[PDB]
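Written out below as structure tokens is the structure these notes cover.
Just so it is clear, none of the values below were taken in a lab; they were calculated from the coordinates. Don't worry about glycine lacking a Cβ; one is built from the backbone with ideal geometry, like all the others, and counts go over all protein chains shown.
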Amino acid sequence: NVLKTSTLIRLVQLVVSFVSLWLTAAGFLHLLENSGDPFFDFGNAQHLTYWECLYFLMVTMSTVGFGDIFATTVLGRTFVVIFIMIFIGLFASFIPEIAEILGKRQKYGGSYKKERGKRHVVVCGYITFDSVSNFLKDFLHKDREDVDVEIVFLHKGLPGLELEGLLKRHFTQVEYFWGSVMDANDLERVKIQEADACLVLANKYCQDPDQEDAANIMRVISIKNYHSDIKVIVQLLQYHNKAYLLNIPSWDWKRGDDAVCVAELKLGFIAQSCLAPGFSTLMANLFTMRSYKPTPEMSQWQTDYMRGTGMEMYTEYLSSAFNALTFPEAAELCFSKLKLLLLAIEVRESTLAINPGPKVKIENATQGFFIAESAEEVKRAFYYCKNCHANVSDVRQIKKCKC
Amino acid sequence: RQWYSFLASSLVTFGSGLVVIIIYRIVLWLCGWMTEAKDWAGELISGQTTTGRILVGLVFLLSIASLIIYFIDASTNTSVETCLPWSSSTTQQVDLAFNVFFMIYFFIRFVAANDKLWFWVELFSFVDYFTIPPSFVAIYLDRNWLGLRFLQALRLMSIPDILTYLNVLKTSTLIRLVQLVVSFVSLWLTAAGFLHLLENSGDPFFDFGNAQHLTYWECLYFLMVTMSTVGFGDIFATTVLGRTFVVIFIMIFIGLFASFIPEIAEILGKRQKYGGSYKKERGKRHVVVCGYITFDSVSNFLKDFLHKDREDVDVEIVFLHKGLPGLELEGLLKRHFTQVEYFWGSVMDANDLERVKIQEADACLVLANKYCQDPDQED
Ligand SMILES: [Ca+2]
Ligand SMILES: [Mg+2]
Ligand SMILES: [Mg+2]
């Protein structure tokens, strides 16, 4: 019971039937040419080796027909006519079917080899050249803090040629595996217990967003069934579908699980535009990584606008020089000296406070929230020193912890 | 005479590295800066750093240049082993310089690879074992072997990856074209080199007495003539290794040729016929026409719009539509060539509106499919 699989059964039946028919036909031609024609008293004969017959029958099976060797007995020639009618159909159907069978084996098999000190993130759901290129362009963007997270895509498809190119251009830090988060063996191959997080992307342009959310909820369930403590971040297309995953036993927003509901967020951003007319644009530009890049054909308003799009929102620890300032002094100080727009702080449980009044002091090691052009800018709030840096005129000199 | 020494250096280099790996695997089984080096080497060969783009560009040039040096040495030689002091043979000096570069690149790729055992069994690692150690033995003796170095033709198969690391293949059809052509050409060139080795060396079990002195170019021609199943038999293999190689080649390469030629004919057939833009004459009015364009709608339109009972006015008609015109419509467009022009495109694209210079037209006429399934959808 060793041929357990239908493709492997078909492979062995093809190869053995083809080889045995070729070998027996070569033996028959070898008999005919070496024995000669009986009705010519065996005088008409041609001493081929078996191997010359075997070669000649492959050269005629394939319709190459060199004629370096050929049959000359009448029984040889009549056998070659019969052979041509049968074996052209055999060769011309065998070679394609073997090429299909040997072409069927999966390219992106195998498993993630977890390095000694690199964090990794598993990414799945809607994986395509578009979703992956927009994802990687932001996730790996130069304006982020330098962190050596690896990305591990897990998806059922073979990647298309454009996506294979993109995976090769990021070879050092992006890896791809054929599989599904619905299979515990595939979750082990990507070592999901050792990942920081799993990110589940959605096809925003599908025929049915309830069907797409039902698919993504079952991925969340499969991940959480495999191990409860994985941080899962999932893109949802419909708000009412969120309740179904809040009710998963092992879903916990306090452990960092989250559902990015694009319907909730969309309507929230445009609703704030009813309160402040352009605010959906102000605010949506803060949540995508982008670097300002002039081009001389831009009008003044386009350059002003585009410089504003170079901004993102960053979190960083305020230096000890901020301790016991009010939030208003800390915000005046960040804006005026550091060129950083400080707008909120994590007050130590702990709670986010946005633009808090003079009653709130900066406590030691307070995390602040800044609008700035890059993570390299906000570091200045962490390195600022009231003795060493306080007289500096140009912000590029604020550096190196001021020790 | 001495070829088994050139072959031995490729085998002992392969084997000793494989042994060091296997005993290391056993020691680490019975019992940081390494990862920083691995990532740096990986970024370098992936062309991610600027020095990586230099190294990647050098691999492209020197892989082509090494192959051209093989064509010279394969063209201008008779016996496959040949006596020649290295201080005299200029091609054998540049061949050494390229083999030193490929040795440095081999050690970089080793550093970069995740599993050293599987790395030592990659196809390009064999291309390196069968070429670099022989090229050093070609200094230690005053002779050369035109041996397994035909495998340099496989280094061309790196080109689609270089043209991916350099981000120049931006389109999936163009990626597929370059992968098809380079894989086909490199497989044909390497197969011709293998047949050239076999026929000119002769059968070893017949003491090399059975041999046939083909040029590399005769092998290259003969393999195309058998790939295509033409099989003139003006040239044919006669060594037993030659004939057994031709049997193996026929089973593989008929499927390659018979799938390559159709797929290239599809790719080169895909390019748009009615591209380009309307060249606005110095004093002729024109009208842009779009929406439902077909032989029926165009023939009824032109028969009235150009009718002899109208006043003589030299308006040109410019059809803009997404379809390739059918054979009957191509005929009608040619019969009106002086005054009717057609462009592939859509009025939904501002670039197509510019191509037909719609700002300079009198009018745009938008026709409708009166016989559609849904007239609200058509409107
Ligand atoms: Ca930025
Ligand atoms: Mg890695
Ligand atoms: Mg004209």
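What pairs come up if the first residue lies in segment B:212-234 and is more than 9 Å from chain A (Cβ to nearest Cβ) and assigned to a helix (DSSP H, G or I), the second is surrounded by fewer than 20 Cβ atoms within 10 Å (Cβ to Cβ) and of a type outside the set (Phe, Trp, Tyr), and their beta carbons are under 6 Å apart, counting only those six or more places apart or on different chains?
Within 6 Å, the pairs are B:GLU218/B:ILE235; B:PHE222/B:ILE235.
Would you pick out the residues in segment B:242-288 that are aliphatic (A, V, I, L, M) and farther than 30 Å from A:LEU54 by Cβ? Spell out the reasoning first.
Going residue by residue through segment B:242-288, those that are aliphatic (A, V, I, L, M) are B:246-248, B:250-252, B:254, B:256, B:258, B:261, B:264-265, B:267-268, B:287-288.
Selection gives B:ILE264, B:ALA265, B:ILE267, B:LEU268, B:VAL287, B:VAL288.
Name the pairs whose Cβ atoms lie under 9 Å apart, with the first residue in segment B:296-325 and part of a loop (DSSP other than H, G, I, E, B), the second among the basic types (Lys, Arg), and 6 or more positions between them or separate chains?
If the second residue must be among the basic types (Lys, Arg), the pairs left are B:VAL313/B:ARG285; B:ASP314/B:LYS284; B:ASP314/B:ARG285; B:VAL315/B:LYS284; B:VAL315/B:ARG285; B:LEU324/B:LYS273; B:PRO325/B:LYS273.
What residue, of B:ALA237, B:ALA258, is more than 16 Å from ligand 2 (Cβ to nearest atom), part of a helix (DSSP H, G or I), within 14 Å of chain A (Cβ to nearest Cβ) and among the small types (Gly, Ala, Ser)?
B:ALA258
Which of (1) surrounded by fewer than 16 Cβ atoms within 10 Å (Cβ to Cβ); (2) outside any loop (DSSP other than H, G, I, E, B); (3) under 36 Å from the mean Cα position of the chain (by Cα) is the odd one out, the single condition A:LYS293 does not satisfy?
(2)
Within segment A:105-141, work out how many residues are in a loop (DSSP other than H, G, I, E, B) and in contact with a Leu (Cβ under 9 Å, 6 or more places away or on another chain).
Count: 6.
Taking the conditions exactly as written (surrounded by fewer than 17 Cβ atoms within 10 Å (Cβ to Cβ), within 16 Å of ligand 1 (Cβ to nearest atom) and not aromatic (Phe, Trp, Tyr)), does A:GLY357 satisfy them or not?
Criteria not met by A:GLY357.
For segment A:362-379, how many residues are buried (at least 18 other Cβ atoms within 10 Å of the Cβ) and in contact with a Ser or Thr (Cβ under 9 Å, 6 or more places away or on another chain)?
Adding up the residues that qualify gives 7.
Search segment A:367-382 for residues that are more than 11 Å from ligand 1 (Cβ to nearest atom) and pair each with any residue that is among the polar types (S, T, N, Q) when their beta-carbon atoms are under 7 Å apart and the residues are at least 6 apart or on different chains.
A:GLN367/A:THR315; A:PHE369/A:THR315; A:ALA381/A:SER319; A:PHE382/A:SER319
Which of the helices (runs of 4 or more DSSP H) found entirely inside segment B:71-183 contain at least 2 residues meeting this: out of contact with any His (no Cβ under 9 Å at 6 or more places or on another chain) and more than 14 Å from chain A (Cβ to nearest Cβ)?
Output list reads B:90-112, B:123-129, B:132-140.
Is there a residue in segment B:339-355 that is of a type outside the set (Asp, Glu), surrounded by 10 or more Cβ atoms within 10 Å (Cβ to Cβ), in contact with a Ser or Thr (Cβ under 6 Å, 6 or more places away or on another chain) and under 16 Å from B:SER299 (Cβ atoms)? Walk me through how you get there before you give the answer.
First, pick out the residues of segment B:339-355 that are of a type outside the set (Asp, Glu): B:339-340, B:342-348, B:350-351, B:353, B:355.
Keeping just the survivors that are surrounded by 10 or more Cβ atoms within 10 Å (Cβ to Cβ) gives B:339-340, B:342-347, B:353, B:355.
Those left that are additionally in contact with a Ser or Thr (Cβ under 6 Å, 6 or more places away or on another chain): B:355.
Imposing the further condition that a residue be under 16 Å from B:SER299 (Cβ atoms) reduces the set to none.
For segment B:339-355, residues of a type outside the set (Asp, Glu), surrounded by 10 or more Cβ atoms within 10 Å (Cβ to Cβ), in contact with a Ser or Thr (Cβ under 6 Å, 6 or more places away or on another chain) and under 16 Å from B:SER299 (Cβ atoms): absent.
Please determine whether any residue of segment A:162-172 is of a type in the set (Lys, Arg), part of a helix (DSSP H, G or I) and more than 27 Å from A:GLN207 (Cα to Cα).
So in segment A:162-172, the residues of a type in the set (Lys, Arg) come out as A:168-169.
Right, trim to part of a helix (DSSP H, G or I) and you get A:168-169.
Okay, now just the ones that are also more than 27 Å from A:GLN207 (Cα to Cα), so A:168-169.
Checked against the condition, which is being of a type in the set (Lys, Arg), part of a helix (DSSP H, G or I) and more than 27 Å from A:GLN207 (Cα to Cα), segment A:162-172 yields at least one hit.
Return the pair list, or none, for Cβ contacts closer than 6 Å from residues in segment B:257-286 that are closer than 30 Å to B:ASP314 by Cβ to residues that are more than 16 Å from ligand 3 (Cβ to nearest atom), at least 6 apart or on different chains.
Matching pairs, first to second residue: B:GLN272/B:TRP344; B:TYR274/B:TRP344.
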